[PDB]
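1. from the sequence below, what's the structure:
(chains A and B)
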Amino acid sequence: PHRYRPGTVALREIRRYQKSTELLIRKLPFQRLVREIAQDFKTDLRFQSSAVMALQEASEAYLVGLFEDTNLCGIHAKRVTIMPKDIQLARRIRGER
DNA sequence: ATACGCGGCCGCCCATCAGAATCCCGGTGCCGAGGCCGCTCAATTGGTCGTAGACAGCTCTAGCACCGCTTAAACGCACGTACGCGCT
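-> Numbering: from 1, shown residues only, chains lettered A, B, ... in the order given. I have put the structure below:
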């Protein structure tokens, strides 16, 4: 009986997932969340279904980029798994915040 | 030939006059608001025309809601491997 050796599945997908364009985040929950905050400035406002996507794309890509910076720093240390600080470390250096 | 005298020397406590050092009052240099000001060219003033844009009417897209059949994706847990990370 058989189970793939660790780290054999993850890379395979990386690429599969790298080749394609299609969004990873969910249409319903995303939307609800967007509505949640927008209400908190002013309550009960509307957006064209696309207007929601416009918003959805700009952030989905945004993370994937940060994860990439997080990874280099994980590597720089002789490590293998993106730890917390690395993200923060990354955040601090970019000096966005 | 043999015995007495003393002489400046000196430690002693005791006296006089100048110099060192702290406190009572100080001048000096640096920084930053002030004042002065004056020739003047950019804002203000009084004024006309016209056009953006507020506004009200209107219609006509699309954002919401809502439902249920279908199912892919998320979930949670079980088991172990191969890394995080600690030490030397």
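2. drop to CA atoms for contacts and neighbour counts, all remaining ones
-> Will do.
3. same for the longest helix along chain A, what does it pack against?
-> Counting residues, the longest helix found in chain A (DSSP state H) is helix A:49-76. Counting contacts by 3 or more CA pairs under 8 Å, 6 or more residues apart in numbering; DSSP states H and E, helix A:49-76 is packed against helix A:84-94.
4. so which bits of the helix it packs on are buried?
-> For helix A:84-94, burial by neighbour count (16 or more other CA atoms under 10 Å) applies to A:86, A:87, A:90.
5. so how far is the longest helix of chain A from its chain's centroid?
-> For helix A:49-76, the distance from its own C-alpha centre to the chain's C-alpha centre is 5 Å (CA atoms, centre = their mean, to the nearest Å).
6. list the contacts for residue A:37?
-> Applying CA atoms under 8 Å, 6 or more residues apart in numbering to residue A:37 gives no contacts.
7. just the angle between the helix or strand containing it and helix A:49-76, please?
-> Using DSSP states H and E, residue A:37 maps to helix A:27-41. Interaxial angle of helix A:27-41 relative to helix A:49-76 (axes from the mean of the first three to the mean of the last three CA atoms, to 10 degrees): 100 degrees.
8. give me the buried positions along helix A:27-41.
-> So helix A:27-41, judged by 16+ other CA under 10 Å, has buried residues A:31, A:35.
9. quick one: that helix near DNA strand B?
-> No - contact of helix A:27-41 with DNA strand B (CA under 7 Å from any atom of the strand) is absent, the minimum separation being 7.8 Å.
10. that helix: how far from the chain's middle?
-> For helix A:27-41, the distance to the chain centre is 18 Å (CA atoms, centre = their mean).
11. center of chain A - which residue?
-> Central residue of chain A (CA atoms, centre = their mean): residue A:63, 3.6 Å from the mean position.
12. gap between it and residue A:89?
-> The spacing between residue A:63 and residue A:89, counted by CA to CA, to the nearest Å, is 15 Å.
13. quick check: closest non-adjacent residue to residue A:91.
-> Residue nearest to residue A:91 in three dimensions, not counting chain neighbours: residue A:97, with 7.1 Å by CA to CA, 6 or more residues apart in numbering.
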